[PDB]
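Asks: Got a structure for you, written out below as structure tokens; questions coming shortly.
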Amino acid sequence: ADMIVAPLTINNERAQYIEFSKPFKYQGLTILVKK
Amino acid sequence: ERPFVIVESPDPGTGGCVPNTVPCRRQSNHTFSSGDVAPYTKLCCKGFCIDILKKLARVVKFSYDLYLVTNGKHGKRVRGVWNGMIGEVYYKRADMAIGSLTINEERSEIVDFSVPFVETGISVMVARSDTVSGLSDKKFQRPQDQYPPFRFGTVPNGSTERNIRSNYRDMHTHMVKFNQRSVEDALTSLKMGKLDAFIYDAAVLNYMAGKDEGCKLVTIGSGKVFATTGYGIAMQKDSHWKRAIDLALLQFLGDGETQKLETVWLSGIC
Ligand SMILES: COC(=O)c1ccc([C@H]2C(C(C)=O)=C(O)C(=O)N2CCc2c(C)[nH]c3ccccc23)cc1
């Protein structure tokens, strides 16, 4: 491949081997329950 | 920039400032053609960005010396020549630049930025207790009302002013009853009844609405993030430091050492 257009997370473990681009959407982490 | 970096006076008798506080002698060399020397009084800076700088100095093992700038606030070129922080970085008078600096496409073509470490955008704080729906409501887009909700703050030669003047010429045309000072004067002008809506950055408005007697409320905060961007460090074009400190910053956001700084330095009652 030559690029990734997908919801890819940015973190330390990737930044050493990949050169990202400025974020286009910010988000975090949540948990799912039935209600 | 009121939570991010704070400048104060040295010790009453010692002169060596408080532990965990960085000496920062501002350059006030307003004239050197016919001026001998401006006395660089030893002030000491403390805050959030300085804390990040301390962590970076410990991690990537460098040495620094802060000096405040006295040509403009952040930067808006007056027909070809820049000013402020970006101006200093572009003309190679400083290797780095830290503080309250926004990411755009206007200046990211001239200097090199880091991965953002603070989330920011544009927000609209209203007087008291929503009334407007943001930058799409007919009131802001079309200034022709009999009751003309007027004068979003938008301190001149800033970053948000560039967005306003580039996208919507009507708002920039009407909004001339602005404030000539920072958020400190704008908020008290609003509290006195001068203008009922303030349009500015996101983090500073959120903090100022957090630290207030009672509190004044912004429009819907989760939806009050318009044209989202981030803060960052500005460096010279393609320097080898960008490879290192970038990674360093990411490490912080992975280990939660930036999380504790949020609790310590950015908190309010309301
Ligand atoms: C002229 O020297 C300085 O002024 C200076 C510079 C850095 C630090 C501190 C730093 C803080 C709190 O600022 C520490 O936490 C820390 O780890 N520092 C440097 C550590 C360091 C190592 C191991 N090696 C180095 C090589 C060059 C420079 C520094 C180092 C202290 C003083």
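Identifiers in this document derive from the order of the structure tokens: chains are assigned A, B, ..., residues are numbered from 1 separately in each chain, and ligands are numbered from 1 in order of occurrence.
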List as a PDB file with N, CA, C and O atoms, in the first residue's frame the protein and nucleic acid residues lying within 6 Å of ligand 1, with only C-alpha atoms and all ligand atoms counted.

Replies:
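Once written, result-v1.pdb looks like this:
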ATOM      1  N   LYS B  54       9.681  22.402  30.909  1.00  0.00           N
ATOM      2  CA  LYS B  54      10.540  21.736  31.883  1.00  0.00           C
ATOM      3  C   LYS B  54      10.611  20.240  31.607  1.00  0.00           C
ATOM      4  O   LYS B  54      11.693  19.637  31.631  1.00  0.00           O
ATOM      5  N   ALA B  57      12.740  19.640  28.569  1.00  0.00           N
ATOM      6  CA  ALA B  57      14.155  19.819  28.878  1.00  0.00           C
ATOM      7  C   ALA B  57      14.710  18.608  29.611  1.00  0.00           C
ATOM      8  O   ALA B  57      15.838  18.174  29.347  1.00  0.00           O
ATOM      9  N   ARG B  58      13.932  18.050  30.540  1.00  0.00           N
ATOM     10  CA  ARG B  58      14.386  16.856  31.245  1.00  0.00           C
ATOM     11  C   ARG B  58      14.493  15.659  30.305  1.00  0.00           C
ATOM     12  O   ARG B  58      15.444  14.875  30.398  1.00  0.00           O
ATOM     13  N   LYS B  61      16.783  16.507  26.799  1.00  0.00           N
ATOM     14  CA  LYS B  61      18.118  16.913  27.246  1.00  0.00           C
ATOM     15  C   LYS B  61      18.658  18.096  26.433  1.00  0.00           C
ATOM     16  O   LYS B  61      19.636  17.986  25.692  1.00  0.00           O
ATOM     17  N   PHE B  62      17.993  19.240  26.589  1.00  0.00           N
ATOM     18  CA  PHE B  62      18.539  20.472  26.031  1.00  0.00           C
ATOM     19  C   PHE B  62      18.574  21.581  27.075  1.00  0.00           C
ATOM     20  O   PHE B  62      18.266  21.352  28.248  1.00  0.00           O
ATOM     21  N   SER B  63      18.956  22.787  26.654  1.00  0.00           N
ATOM     22  CA  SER B  63      19.010  23.950  27.526  1.00  0.00           C
ATOM     23  C   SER B  63      18.311  25.107  26.830  1.00  0.00           C
ATOM     24  O   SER B  63      18.266  25.160  25.598  1.00  0.00           O
TER      25      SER B  63
END

Asks: Set the cut-off to 7 Å and count only C-alpha atoms: what are the residues of chain A that reach chain B? Output as a list in words.

Replies: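 On the chain A side, the interface is residues 11, 12 and 15 of chain A.
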
Asks: Those residues with N, CA, C and O atoms, as a short mmCIF file (atom, residue, chain, number, x, y, z; two decimals), in the first residue's frame please?

Replies:
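The file below, result.cif, is the result:
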data_model
loop_
_atom_site.label_atom_id
_atom_site.label_comp_id
_atom_site.auth_asym_id
_atom_site.auth_seq_id
_atom_site.Cartn_x
_atom_site.Cartn_y
_atom_site.Cartn_z
N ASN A 11 -0.52 7.35 18.20
CA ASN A 11 0.11 7.10 19.49
C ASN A 11 1.61 6.86 19.27
O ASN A 11 2.10 6.85 18.14
N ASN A 12 2.32 6.66 20.38
CA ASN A 12 3.78 6.56 20.36
C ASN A 12 4.24 5.36 19.53
O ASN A 12 5.20 5.46 18.76
N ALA A 15 4.34 6.26 15.77
CA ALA A 15 5.02 7.46 15.30
C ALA A 15 6.50 7.25 15.03
O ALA A 15 7.11 8.08 14.35
#

Asks: For range 145-150 of chain B, work out the shell of residues within 9 Å, counting only C-alpha atoms and skipping chain neighbours fewer than 2 positions away, then give it as a PyMOL selection string.

Replies: chain B and resi 139-140+142-143+152+174-175+177+195-197

Asks: Give me, as a list in words, all polymer residues having an atom no more than 6 Å from range 71-82 of chain B, counting only C-alpha atoms and skipping those fewer than 4 positions away in the same chain.

Replies: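 Counting only the stated atoms, we get residues 86, 87 and 157 of chain B.
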
Asks: Determine which residues of range 11-73 of chain B receive a DSSP assignment of strand (DSSP E), computed from the backbone, and state them as number ranges by chain.

Replies: B: 22-25, 42-47

Asks: Those selected residues, please, written with N, CA and C atoms and delivered as a PDB file, in the first residue's frame.

Replies:
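This went into result_17.pdb:
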ATOM      1  N   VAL B  22      10.740  29.650  36.314  1.00  0.00           N
ATOM      2  CA  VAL B  22      11.848  29.821  35.373  1.00  0.00           C
ATOM      3  C   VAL B  22      12.128  31.309  35.203  1.00  0.00           C
ATOM      4  N   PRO B  23      13.358  31.770  35.429  1.00  0.00           N
ATOM      5  CA  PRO B  23      13.677  33.173  35.133  1.00  0.00           C
ATOM      6  C   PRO B  23      13.496  33.474  33.653  1.00  0.00           C
ATOM      7  N   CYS B  24      12.952  34.658  33.366  1.00  0.00           N
ATOM      8  CA  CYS B  24      12.619  35.038  31.994  1.00  0.00           C
ATOM      9  C   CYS B  24      12.763  36.554  31.888  1.00  0.00           C
ATOM     10  N   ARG B  25      13.922  37.005  31.417  1.00  0.00           N
ATOM     11  CA  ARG B  25      14.200  38.430  31.268  1.00  0.00           C
ATOM     12  C   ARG B  25      13.706  38.879  29.899  1.00  0.00           C
ATOM     13  N   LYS B  42      14.847  41.185  35.899  1.00  0.00           N
ATOM     14  CA  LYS B  42      14.717  39.736  36.031  1.00  0.00           C
ATOM     15  C   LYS B  42      13.325  39.403  36.551  1.00  0.00           C
ATOM     16  N   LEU B  43      12.423  39.043  35.642  1.00  0.00           N
ATOM     17  CA  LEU B  43      11.120  38.518  36.013  1.00  0.00           C
ATOM     18  C   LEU B  43      11.193  36.991  36.021  1.00  0.00           C
ATOM     19  N   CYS B  44      10.176  36.333  36.570  1.00  0.00           N
ATOM     20  CA  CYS B  44      10.156  34.876  36.549  1.00  0.00           C
ATOM     21  C   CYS B  44       8.781  34.393  36.112  1.00  0.00           C
ATOM     22  N   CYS B  45       8.769  33.470  35.156  1.00  0.00           N
ATOM     23  CA  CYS B  45       7.562  32.934  34.550  1.00  0.00           C
ATOM     24  C   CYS B  45       7.212  31.585  35.163  1.00  0.00           C
ATOM     25  N   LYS B  46       5.911  31.306  35.209  1.00  0.00           N
ATOM     26  CA  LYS B  46       5.421  30.017  35.686  1.00  0.00           C
ATOM     27  C   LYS B  46       4.087  29.709  35.022  1.00  0.00           C
ATOM     28  N   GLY B  47       3.754  28.433  34.940  1.00  0.00           N
ATOM     29  CA  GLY B  47       2.451  28.084  34.404  1.00  0.00           C
ATOM     30  C   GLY B  47       2.450  26.690  33.798  1.00  0.00           C
TER      31      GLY B  47
END
